[PDB]
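The structure appears right after this line, and notes come after that.
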Amino acid sequence: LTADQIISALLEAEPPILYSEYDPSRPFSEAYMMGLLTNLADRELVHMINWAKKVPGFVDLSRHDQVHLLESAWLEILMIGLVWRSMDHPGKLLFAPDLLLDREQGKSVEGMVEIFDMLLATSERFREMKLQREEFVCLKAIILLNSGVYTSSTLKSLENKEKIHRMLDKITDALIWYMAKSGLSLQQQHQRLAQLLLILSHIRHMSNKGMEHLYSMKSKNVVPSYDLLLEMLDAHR
Amino acid sequence: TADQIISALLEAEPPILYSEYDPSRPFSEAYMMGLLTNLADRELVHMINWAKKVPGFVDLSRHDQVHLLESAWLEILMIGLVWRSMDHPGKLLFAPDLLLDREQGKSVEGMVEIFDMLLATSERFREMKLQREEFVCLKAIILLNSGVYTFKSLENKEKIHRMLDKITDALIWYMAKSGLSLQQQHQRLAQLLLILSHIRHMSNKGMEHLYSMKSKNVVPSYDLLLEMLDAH
Ligand SMILES: O=C(c1ccc(OCCN2CCCCC2)cc1)c1c(-c2ccc(O)cc2)sc2cc(O)ccc12
Ligand SMILES: O=C(c1ccc(OCCN2CCCCC2)cc1)c1c(-c2ccc(O)cc2)sc2cc(O)ccc12
Ligand SMILES: [Cl-]
Ligand SMILES: [Cl-]
Ligand SMILES: [Cl-]
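Protein sequence lines correspond, in order, to chains B and A.
The first sequence lines up with residues 310 to 460, 463 to 548 when you count with the authors' numbering.
The second sequence lines up with residues 311 to 461, 467 to 547 when you count with the authors' numbering.
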């Protein structure tokens, strides 16, 4: 696929924006807020699997590798979507069209304000850089494919590792091509590519801190089970 | 210029320290962790000297310098370890007198996971034939980027961004001087910056492993780093 075909496929695969089912009449307790966020994330996961299967090349990886990438990336992907939705809302996190939250609301849950501040800082960075939808979808696909923890290896794992490397190179090419099509100088192209890929290190950090936080709130039932992900991947929706 | 950035970073490389490993002592976990702790402690002093040689870093306020060092110090130690280890497949070269394999990492509770990640990162660097010029650029990028999204202030942030961009320019310049095509330049740049996200992951998991370990002086406290910045 040429660079435009990759971007076109990713744009067409964008998931829908879901609502939190927020009810203004309910007391807005910590448990109520976290319950809304939990059910929202759970409903977003199904759409994330559908999106992943449309990432060029993803379904040509082994089903094991598909699951493993989703297991590693799912919170990063939720977070970058949040940051994108919040770009045009300084100081706010737009979890859903009916759930806009600020720092002060995060303070009510121990450990949440620190992560809110990191998410807000990323949204500010995206706003300042005027991140384009074409760049966002490339970054989200890179997150999915780069998520696997470094690792005992078999011919199958090496085969999929090389495929993932080739896919990442093509998305890099597409990100650069979009910038060139948009008129950026060669010097601006490498600087902006570097700045955008460096933000992915911050999103990784936020995901790690977020996982720590979820485990301190819920003992178990925090990560999607392997069987759950495989079930959703195999569905012929 | 780009050549001046690369030459400056090469000249700023810290010395390779020894662990003081004594083969005659019983290699208890306490003895090993002690060697690694004191080694890291001694490396930190040289990391401060090096940081002040990263172009632009001296022009930042003490508060900003401390914040960046606070966020980056373990990643910087780890990328150094990975670099020293890429001539030793299957081993981590903490120091020339302390070369450890995966088995020796099992002695520490919860360390084999981090060990394997570091080993795999060293293999990645070996496969890519990472050059010293690229390595020093990556270390400088880690220093200027790890803490920039956790911070007048708006101008200070943009100032650090410009400092980063000058290192990116130098890293691409080196690749262009080495003969890579434009496509290979952008591909290799992306490959290296994506490895940095994994080194960030390793640092985060190492931090969780150090705090949970109850280790003494897990992090260089703010006041500690603040005082070391005034040594020179
Ligand atoms: O609040 C959440 C969140 C809540 C519950 C989650 O997991 C619920 C458990 N569920 C188990 C089955 C598999 C899917 C996860 C995940 C994110 C979100 C985030 C978060 C923010 C700060 C913080 O300290 C921790 C998390 S970021 C985010 C983006 C979304 O699109 C949805 C929820 C969220
Ligand atoms: O063993 C260590 C290590 C041990 C103690 C440390 O903290 C020491 C105390 N702290 C140091 C900074 C000043 C404040 C005191 C840091 C690294 C090293 C690493 C490590 C690996 C896996 C893991 O799970 C945790 C750490 S990586 C590394 C590279 C080095 O050059 C030296 C030590 C190391
Ligand atoms: Cl020494
Ligand atoms: Cl010394
Ligand atoms: Cl090269």
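By construction, the Cβ of each residue, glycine as well, lies at the ideal position given by its N, Cα and C atoms.
DSSP three-state label for residue i, please.
i	result
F461(A)	coil
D480(A)	helix
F337(B)	coil
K362(B)	coil
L402(A)	strand
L370(A)	coil
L319(A)	helix
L408(A)	strand
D313(B)	helix
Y328(A)	coil
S432(B)	helix
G494(A)	coil
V418(B)	coil
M427(B)	helix
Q375(A)	helix
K529(B)	coil
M396(A)	coil
Counting only the same chain and skipping the five closest in sequence on each side, list residues whose C-beta sits under 8 Å from that of residue i.
i	result
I326(B)	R394, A405 and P406
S530(A)	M343 and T347
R412(A)	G400, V422, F425, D426 and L429
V368(B)	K362 and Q375
Does the beta carbon of residue i come closer than 8 Å to any beta carbon on chain B?
i	result
residue 462(A)	Inspection of chain A shows residue 461 followed directly by residue 467; residue 462(A) is thus not represented.
residue 284(A)	In the structure as shown, chain A starts at 311 and stops at 547, and residue 284(A) therefore has no counterpart that could be examined.
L379(A)	no
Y459(A)	yes
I389(A)	no
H501(A)	yes
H516(A)	yes
residue 462(A)	Between 461 and 467 the numbering of chain A has a gap, and residue 462(A) falls inside it, with no coordinates.
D480(A)	yes
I424(A)	no
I487(A)	yes
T483(A)	yes
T311(A)	no
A382(A)	no
Between the C-alpha atoms of residue i and residue j, what's the straight-line distance to the nearest angstrom?
i	j	result
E473(A)	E419(B)	31 Å
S496(A)	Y489(A)	12 Å
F425(A)	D332(B)	48 Å
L429(A)	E323(B)	36 Å
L409(B)	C447(B)	26 Å
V355(A)	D545(A)	12 Å
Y459(B)	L525(B)	23 Å
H547(B)	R372(B)	14 Å
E433(B)	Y341(B)	28 Å
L320(A)	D374(A)	24 Å
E385(A)	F435(A)	15 Å
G457(A)	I475(A)	10 Å
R477(A)	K449(A)	16 Å
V392(A)	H516(B)	20 Å
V533(B)	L370(A)	41 Å
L453(B)	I315(A)	34 Å
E437(A)	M421(B)	40 Å
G494(A)	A318(A)	22 Å
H398(B)	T431(B)	12 Å
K467(B)	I451(B)	21 Å
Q441(B)	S536(A)	39 Å
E444(B)	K416(A)	42 Å
Please work out which residues of its chain come closer than 7 Å, Cβ to Cβ, to residue i, disregarding the five sequence neighbours upstream and downstream, and give them in chain order.
i	result
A350(A)	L387
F461(A)	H377 and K472
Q500(B)	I487, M490 and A491
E330(A)	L345
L403(B)	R394, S395 and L409
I389(B)	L448, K449, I452 and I514
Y328(A)	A405, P406 and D407
Nearest chain A C-beta to residue i closer than 8 Å, yes or no?
i	result
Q498(B)	yes
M427(B)	yes
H513(B)	yes
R434(B)	yes
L346(B)	no
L525(B)	no
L354(B)	no
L320(B)	no
**Message:** When you compare the stretch 508 to 518 of chain B with the stretch 496 to 515 of chain A, are there three or more beta-carbon pairs, one atom per stretch, that lie closer than 8 Å?
**Reply:** In short, these stretches touch, since the Cβ pair count reaches three.
**Prompt:** Taking one C-beta from the stretch 374 to 394 of chain B and one from the stretch 535 to 546 of chain B each time, how about it: are there three or more such pairs within less than 8 Å?
**Reply:** The stretch 374 to 394 of chain B is in contact with the stretch 535 to 546 of chain B.
**Request:** May I ask you to verify whether the stretch 502 to 509 of chain A touches the stretch 332 to 341 of chain A, counting CB pairs closer than 8 Å and requiring at least 3?
**Result:** Too few Cβ pairs lie closer than 8 Å, so no.
**Message:** Below 8 Å, how does it come out for the stretch 361 to 369 of chain A and the stretch 477 to 484 of chain A: are there three or more Cβ pairs, yes or no?
**Reply:** Touching, yes.
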